[PDB]
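**Student:** Sharing a structure below in structure tokens format, with a few things to ask.
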Amino acid sequence: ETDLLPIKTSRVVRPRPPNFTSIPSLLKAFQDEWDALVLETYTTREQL
Amino acid sequence: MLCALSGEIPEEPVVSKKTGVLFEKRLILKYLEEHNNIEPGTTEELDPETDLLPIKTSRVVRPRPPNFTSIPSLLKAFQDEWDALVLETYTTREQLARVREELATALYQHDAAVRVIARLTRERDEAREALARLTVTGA
Amino acid sequence: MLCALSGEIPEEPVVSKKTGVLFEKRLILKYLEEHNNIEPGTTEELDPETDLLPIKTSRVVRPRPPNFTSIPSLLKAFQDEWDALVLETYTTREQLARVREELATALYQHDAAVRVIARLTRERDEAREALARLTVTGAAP
Amino acid sequence: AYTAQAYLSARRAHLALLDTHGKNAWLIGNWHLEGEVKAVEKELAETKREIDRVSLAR
Amino acid sequence: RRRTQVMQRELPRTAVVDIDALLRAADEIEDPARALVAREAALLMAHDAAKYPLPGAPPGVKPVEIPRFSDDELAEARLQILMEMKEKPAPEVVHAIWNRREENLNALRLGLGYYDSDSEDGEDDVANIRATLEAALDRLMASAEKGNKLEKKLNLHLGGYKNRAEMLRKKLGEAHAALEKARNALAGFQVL
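Chains as they are written, first to last, in this note's numbering: chain A, 1 to 48; chain B, 49 to 187; chain C, 188 to 328; chain D, 329 to 386; chain E, 387 to 578.
Below you can see the structure in the form of structure tokens.
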């Protein structure tokens with residue numbers, strides 16, 4: 001609450017691909033990202 | 049994230065201790081020298097050595113670009129879509145409730161107008177019959 | 188207690204200072220941005236900064252079901268909820284369109300009835316004038 | 329079919345927004361990625377220069 | 387002002403209006419006041435479709451002549467209708483009636499305008515549901531074709547930008563790995 005200073009600036013605009021324009025496509029992309037994150041965490045643990 | 053004065057990505061970002069605005073180091077030094085140690089957008093004095101805190105970036109974790117395939121970006125897009133759908137559903141529900149109330153009022157008014165039209169038609173038929181009887185009897 | 192904008196319990200509910208209506212902060216901000224600072228369900232202006240008071244209470248601890256113990260199950264539940272919300276929105280839009288068509292038909296019928304009533308009133312006035320003229324000209328015994 | 333039509337309408341709206349703002353979004357994303365890559369390259373170059381200076385002194 | 391205010395308002399209206407079929411349906415009403423109201427409503431709808439051409443309406447619609455009515459007569463008719471009107475129900479009662487309608491009749495059933503209140507036959511409801519499903523499938527196919535065309539155009543526009551972004555991401559990952567290796571080598575060199 002005291003040592004943390006927030007940064008006020010313009011919002012970062014993420015680049016939206018044209019393929020992920022649908023709700024099912026967004027859900028599939030989110031599931032793929034979650035699976036990739038889980039695999040990356042497992043690989044990082046094995047490497048550690 | 050960009051400089052408050054330069055407007056571009058700063059290689060050496062610095063944040064004000066009073067406002068928290070991120071800017072370039074050289075731009076902040078030039079603005080403090082020009083405006084006599086005054087922060088941009090604020091009337092309070094800003095010390096170049098004390099009120100300016102440099103920003104240090106740690107490369108311990110893997111870099112995730114801010115694309116649409118990011119998990120936080122996908123979560124933010126899903127939240128925005130859900131909020132837009134909720135607002136549209138609330139507006140549609142309010143419009144449907146208003147339309148249903150107007151339809152009920154119009155049905156009641158149409159029933160009243162149909163009763164009034166039937167009464168007026170009966171009165172007109174009685175008046176026409178009386179006029180025909182007066183014309184027949186009035187030889 | 189549920190928010191008036193989303194129909195569920197808001198994470199950070201705020202109550203209006205005039206009507207006392209609880210709503211989600213993000214939903215109320217989006218409604219004020221879209222409708223130019225218009226309160227939901229009222230025609231009075233609602234300030235997003237001063238007319239909304241946040242409520243500081245205990246956090247509603249939603250119990251996690253045992254079925255949602257895996258990522259695929261939670262993803263399937265979220266997809267089913269999104270599909271149900273989309274179907275409900277489509278059904279609400281179709282019902283609103285049908286109600287608008289029925290209201291337009293009823294308004295056309297009411298305007299037609301008003302015009303027919305005006306024509307019948309004019310005809311009745313003409314018939315009454317003719318009957319009065321016949322009674323004045325006719326020698327009643 | 330109604331769910332599929334709603335998804336198709338949402339996809340059409342997202343494609344319209346993409347056709348409206350895609351050049352600006354892609355330019356901003358490419359500029360941010362180039363800035364991050366330049367910062368990483370500058371940090372790596374500074375580390376390599378410090379290592380070379382330490383090796384030369386040793 | 388001679389034209390109907392329903393067409394000049396924001397309420398949706400049918401583009402193609404059949405005066406003869408609507409008049410024939412109006413003539414089948416048993417109540418004479420209701421039949422006259424429906425016939426005059428058909429005439430008003432035909433006049434609205436002819437004088438005000440909606441998008442998609444057929445051209446060359448013949449206008450329908452109607453007798454002129456004074457504003458005083460219309461005001462007197464409205465006052466007589468309001469004086470003969472019954473008590474207005476509360477909004478809570480109308481909301482409860484709408485909730486009862488949405489609970490008894492299904493939301494999918496209430497969402498279709500062909501679900502007549504007097505149509506108790508299940509075959510007619512099945513045929514209406516099949517027609518609605520066919521129309522929804524055609525609309526979904528058209529929307530999918532339009533979305534596919536838009537996605538193909540956007541992909542052809544931004545394929546180079548996507549490839550440049552992917553190359554930049556790969557270069558950033560390689561630079562991060564090289565920076566980590568250089569930091570480890572620098573720490574080892576300082577210790578040595």
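C-beta: ideal position from N, C-alpha, C; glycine also.
1. Quick one: what's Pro102 (chain B) bridged to in DSSP?
2. Determine, using beta carbons only, whether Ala160 (chain B) and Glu470 (chain E) come nearer to each other than 9 Å.
3. Would you please verify whether the beta carbon of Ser529 (chain E) is less than 9 Å from any beta carbon of chain D?
4. Check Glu462 (chain E) in the structure and name its three-state DSSP category.
5. Decide if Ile242 (chain C) is buried, meaning its Cβ has at least 16 other Cβ atoms within 10 Å, or exposed.
6. If the criterion is Cβ atoms closer than 9 Å, does the pair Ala436 (chain E) and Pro453 (chain E) meet it?
7. For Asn115 (chain B), does the count of other Cβ atoms within 10 angstroms reach 16, so buried, or fall short, so exposed?
8. Enumerated in chain order, which unbroken segments of the alpha helix (DSSP H) with a length of 4 residues or greater are wholly contained in the segment 467 to 494 of chain E?
9. Do you know whose CA, among B:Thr139, B:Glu92, B:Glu93, B:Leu101, lies nearest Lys73 (chain B)'s CA?
10. Put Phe255 (chain C) into one of helix, strand or coil per three-state DSSP.
11. According to DSSP, simplified to helix, strand and coil, what is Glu316 (chain C)?
12. What are the residues that DSSP puts in a beta bridge with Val69 (chain B)?
13. Express the C-alpha separation of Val63 (chain B) and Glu97 (chain B) in angstroms, rounding to a whole number.
14. For the alpha helix (DSSP H) containing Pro418 (chain E), name the first residue and the last one.
15. Taking the straight line between their C-alpha atoms, what separation do you get for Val162 (chain B) and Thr276 (chain C)?
16. Would you say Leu572 (chain E) faces chain D, with C-beta separation under 9 Å as the test?
17. Taking only the alpha-carbon atoms, compute the straight-line gap between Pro250 (chain C) and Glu552 (chain E) and give it to the nearest angstrom.
18. Just the Cα atoms here: how many angstroms apart are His349 (chain D) and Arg107 (chain B)?
19. So, are the CB atoms of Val286 (chain C) and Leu151 (chain B) less than 9 Å apart?
20. Cα separation between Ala513 (chain E) and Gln333 (chain D)?
21. Evaluate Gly89 (chain B) with the Cβ neighbour count: other Cβ atoms within 10 Å of its Cβ, from every protein chain shown; 16 or more gives buried, anything less gives exposed.
22. Which chain D residues sit within Cβ distance under 7 Å of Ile23 (chain A)?
23. For a contact defined as C-beta to C-beta under 9 Å, what are the partners of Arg11 (chain A) on chain D?
24. Going by the beta-carbon positions, is the gap between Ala522 (chain E) and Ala344 (chain D) smaller than 9 Å?
**Tutor:** In brief:
1. Residue pairing for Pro102 (chain B): DSSP places it in a beta bridge opposite B:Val62.
2. Yes, the pair counts as a contact, with Cβ atoms nearer than the cut-off.
3. Chain D contact via Cβ: present.
4. Of the three classes helix, strand and coil, the one that applies to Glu462 (chain E) here is helix, per DSSP.
5. Residue burial annotation: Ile242 (chain C) is exposed, with fewer than 16 other C-beta atoms found within 10 angstroms of its C-beta.
6. With a cutoff of 9 Å on beta-carbon distance, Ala436 (chain E) and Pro453 (chain E) are scored as not near each other.
7. With 16 or more Cβ atoms within 10 Å of its Cβ, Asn115 (chain B) is classed as buried.
8. 477 to 490, all fully within the segment 467 to 494 of chain E.
9. Among B:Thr139, B:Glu92, B:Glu93, B:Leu101, the Cα nearest to that of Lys73 (chain B) is on B:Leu101.
10. For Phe255 (chain C), the secondary structure class from DSSP, reduced to helix, strand or coil, is helix.
11. Three-state DSSP puts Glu316 (chain C) in a helix.
12. Per DSSP, A:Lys8.
13. Cα to Cα, the separation comes out at about 12 Å.
14. Bounds of the alpha helix (DSSP H) holding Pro418 (chain E) are 418 to 437.
15. Those two C-alpha atoms are separated by around 36 Å.
16. Yes, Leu572 (chain E) lies at the interface with chain D (some Cβ there is under 9 Å from its Cβ).
17. Rounded to whole angstroms, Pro250 (chain C) and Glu552 (chain E) show a C-alpha spacing of 42 Å.
18. Approximately 32 Å, taken between the alpha carbons.
19. Pairing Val286 (chain C) with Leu151 (chain B) gives a Cβ-Cβ distance under 9 Å.
20. When rounded, the separation of the alpha-carbon atoms in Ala513 (chain E) and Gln333 (chain D) is 21 Å.
21. Label assigned to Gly89 (chain B): exposed.
22. The answer, in chain order, is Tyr335, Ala338.
23. Going along chain D, no residue has its Cβ under 9 Å from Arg11 (chain A), so there is no contact; the nearest lies around 11 Å.
24. In this structure, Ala344 (chain D) does not lie closer than 9 Å to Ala522 (chain E) by Cβ.
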